[PDB]
Each structure stands twice: as structure tokens, then as C-alpha cells.
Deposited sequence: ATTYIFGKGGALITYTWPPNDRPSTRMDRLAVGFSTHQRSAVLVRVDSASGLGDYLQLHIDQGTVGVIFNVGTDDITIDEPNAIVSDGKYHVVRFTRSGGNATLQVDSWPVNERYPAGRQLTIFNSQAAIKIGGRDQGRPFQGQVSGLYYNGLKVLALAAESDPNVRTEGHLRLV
């Protein structure tokens, strides 16, 4: 329930687990609040051990939200192509992984992805080097117990700050 505004140039909020507490999880929850006017941006990126690719991606594409996450080799996508999100108004996204199974809630639209038959390293919010970079405001981010936005506000050493930010 803390809000950061990402200005012109795009900002970045990195939470970095110490190289000794890298959580290898059976289940993940991401839940973000935000608003933006652009139809193409990246919100939350979660990195895996060095050189394994992205563990979790949350991006706005075509004005709708979508998550990519990997089950070892393959990366699984979940699209919510019904909720328009690039209006500038408030929107709450809730990704819920459980093994291969997964759920995606955007505002009032839920999607359920069900499976057929990896240690985390960092969480980045926004991105300053994918021109056009993210612009707008993110609010009350939550990942596996970590309220990363709050942890910034209280200057947690694990949280590195880059870009054009403002606590509102």
C-alpha cells in the first residue's frame, strides 16, 4: 500500500536475495497494483541463478497483461487478453503459481492454466533499458512474502534503487 512513480527515462527497483538465501520455491505469488498510459511495458521481472534466463516475467503487451514463467526448460505463458489496462486508471494483477499449475487474475478477470501430465536471485520493478521503458506508477507489490515497494521506502540494503523515482 505504498506507491512509487516511475518518471521519464524509466526507473528500477531491484530486490536482491543474498547469495546465501536464494529461495528455491514450489509455489510463487506476485500481486501488483499499478497504472500507466503506455500499451507496451515490462513491470515485474524475477531473475534466476546466473545465466538461466528469466524466472518470472510480467509484461503489458497490446494493452493487456501476460506472464511468462519457466518449468525447467520450457517457458509457460498466461494471457489475460480481455482486460484493458493502458487507460491510466488503477489495476491489480495477481499471478499464482503452484507447481506446473498456475492462475492469473487481472482486476476481476481470472485465468487458470493447468499443466499437461530453480533458485531465484532478484526481483526488478520497471526497467530502464528496454526503450520505451516503463512509465507510470506501481503500488503495493507483493512477492512470496516480500512487499518490495515498502522495503524500498524503509531503505532495505537488499533493495537497490535506479532511475527516476518518487514516493507518493
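Deposited residues without C-alpha coordinates, grouped into stretches that follow sequence order:
The deposited sequence has one unmodelled segment, at 118-124.
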